[PDB]
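Working notes for the structure below.
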Amino acid sequence: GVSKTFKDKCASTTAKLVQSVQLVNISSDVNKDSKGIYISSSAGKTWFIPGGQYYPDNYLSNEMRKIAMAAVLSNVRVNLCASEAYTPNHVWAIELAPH
Amino acid sequence: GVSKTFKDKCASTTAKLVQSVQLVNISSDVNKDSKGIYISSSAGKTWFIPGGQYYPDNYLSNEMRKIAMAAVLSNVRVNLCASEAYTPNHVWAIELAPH
Amino acid sequence: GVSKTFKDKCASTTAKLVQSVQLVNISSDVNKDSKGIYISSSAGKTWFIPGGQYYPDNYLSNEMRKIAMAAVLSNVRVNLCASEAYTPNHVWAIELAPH
Amino acid sequence: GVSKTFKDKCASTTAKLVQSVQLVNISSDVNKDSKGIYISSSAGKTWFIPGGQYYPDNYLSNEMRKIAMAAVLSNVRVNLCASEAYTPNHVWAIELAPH
Amino acid sequence: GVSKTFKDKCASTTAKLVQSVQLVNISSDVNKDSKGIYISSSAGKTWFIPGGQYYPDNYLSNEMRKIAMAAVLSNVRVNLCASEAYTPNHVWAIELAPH
Ligand SMILES: CC(=O)N[C@H]1[C@H](O[C@H]2[C@@H](O)[C@@H](CO)O[C@@H](O[C@H]3[C@H](O)[C@@H](O)[C@@H](O)O[C@@H]3CO)[C@@H]2O)O[C@H](CO)[C@@H](O[C@@H]2O[C@H](CO)[C@H](O)[C@H](O[C@]3(C(=O)O)C[C@H](O)[C@@H](NC(C)=O)[C@H]([C@H](O)[C@H](O)CO)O3)[C@H]2O)[C@@H]1O
Ligand SMILES: CC(=O)N[C@H]1[C@H](O[C@@H]2[C@@H](O)[C@H](O)O[C@H](CO)[C@@H]2O)O[C@H](CO)[C@@H](O[C@@H]2O[C@H](CO)[C@H](O)[C@H](O[C@]3(C(=O)O)C[C@H](O)[C@@H](NC(C)=O)[C@H]([C@H](O)[C@H](O)CO)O3)[C@H]2O)[C@@H]1O
């Protein structure tokens, strides 16, 4: 499920809660115009996970990637807090939700 | 169970021992006002895992996150040493306790 | 499968999409003339995964390696975006594609 | 079992060889007075794994932690080279020894 | 199996190809005179994996460690490119070779 804190923190922003998503792809891309981490759901929706060059976004972005990678590789659900102001939508928070 | 060392180290602080917690969620959040790592128990309690910018808190905080992530992903218990001076409570030490 | 985003981002470059590859080897080599990460398919084709010294190529190249390592160790498929301008061909994007 | 090299290197120091230990706990602690990584065996012995701020102790200490973490999480044995000059004893070398 | 590229790159150096080795130990040692990462085969042979302080040897040596660690923990074979000019012999390249 989704933690109350996760839902409440997402509700304090312009981003949308996406609940119990099954990710089936994660990619890393070093191409000039498309650099970044993308994740895709079984339905084919794609999100972008922004990177962080400085503390604390550096280690926090790294944990977002580890959560997404584990979700794809172990086939376990996540909750996303995602901004629809971009295409693909940007992940601003992610929660591992295996049960 | 809880190592005697873990219990004794927690007793030397203002933080409370939480024994045999089953974590079911871990999240990473880069939103401006809620930046951080959160973990949630099957009962729905949430804790915050502080970051560390400098040695040795940088590598120690990283190991706390690896313990929490493994606990969620593998569904294994932890012991927490948690400060109630914050909401959510802050984790100041964590022990992986699979058996 | 291949995410539409992965296919479309690869089509915007001179690199070719390689779909549902089964990687059976990954190597790391510190020899003077051959330094780098190589990955090999069950058919015996080899690709090179370039490194990155600076942000953001440093963390992105690290994620490309984690995807390739998981693909080999867990025997799960990937999609590659690979440049044929080099021998072995260079991976410019990789997508973990378990199902 | 224990590699001959591991045994011989430990014998060249003041530290004691501990063979085929089953680790059942690992913790990370950022409390002011008890900062560090601790591991505990099924028999109830506890060790401290020192950190390293500079090359090469930084990456070597990180590998010691990965070995201990995997030993706990996977329930597989290690060999330790531990100094009794401190309580808890300090780990100066660790060997993953699954079989 | 051994990738043709892995074999050919090793043949361009003074190092020897060691094929389908089963590693049963990996150790990290911070002792003054024996600092380093060692791996040992089921036959009892030991190799040393050199570290790297600077780009690109830093990330490449880290990937060699991850390959060796996975080989030990998951009991899967590797290929080594190893120099006999040292005792223990130095690993200059390693290939994960599960099947
Ligand atoms: C109205 C309006 O547009 N309000 C905006 C606000 O506009 C101000 C600016 O345009 C400045 C330029 O200086 O002018 C101000 O007016 C000034 C005038 O220029 C001065 O010269 C002088 O006369 O004084 C006046 C008054 O000060 C305008 O007031 O600008 C702010 C800052 O961008 C906007 O704040 C955002 O508001 C939205 C909802 O309205 C959200 O609260 C957003 O926060 C979040 C989000 O939820 O989207 C939080 C979220 O955690 C965060 N995500 C991450 C990953 O950190 C995102 C993210 O940072 C952004 O969405 C990315 O763009 O933002 C507020 O930041 C305000 O809406
Ligand atoms: C006749 C002779 O000694 N030739 C060696 C050469 O001598 C130089 C003189 O000709 C010059 O006038 O005076 C200089 C002194 O100021 C020199 O003495 O020196 C070169 C560079 O040292 C030697 O090159 C080495 O040659 C080896 C085989 O002949 C071998 O090719 C070495 O390359 C490798 C290797 O295969 O062993 C390439 C490996 O990828 C590399 N491994 C790593 C991890 O990078 C190793 C490694 O760097 C060395 O083994 C470490 O000692 O080197 C090559 O560099 C030349 O033989």
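Here's how to read the names in the structure tokens: chain A, B, ... by the order shown, residue numbers from 1 in each chain, ligand numbers from 1 in the order shown.
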
- prompt: Taking only C-alpha atoms into account, what are the residues of chain A at most 12 Å from chain B, put as JSON, numbers by chain?
  reply: {"A": [1, 2, 3, 4, 5, 6, 7, 8, 9, 10, 11, 12, 13, 14, 15, 20, 49, 50, 51, 52, 54, 55, 56, 57, 58, 59, 60, 61, 62, 63, 64, 65, 66, 67, 68, 69, 70, 71, 73, 74, 75, 76, 77, 78, 79, 80, 81, 82, 83, 90, 91, 92, 93, 94, 95, 96, 97, 98, 99]}

task: Could you give me, as number ranges by chain, each residue of region 9-97 of chain A that DSSP assigns to helix (DSSP H, G or I) when run on this structure's backbone?
output: A: 9-11, 57-74

message: For the structure I just gave you, how does DSSP split region 15-77 of chain B - specifically, which residues are strand (DSSP E or B)? Reply as a ChimeraX atom specification.
response: /B:16-21,23-29,36-41,46-49

- prompt: Which value, in Å to one decimal, gives the distance between CA of residue 17 (chain B) and CA of residue 48 (chain D)?
  reply: 20.0 Å

message: I'd like the interatomic distance between CA of residue 18 (chain E) and atom 30 (C, counted along the ligand's line) of ligand 2, to a tenth of an Å.
response: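 We find that CA of residue 18 (chain E) and atom 30 (C, counted along the ligand's line) of ligand 2 lie 18.6 Å from each other.
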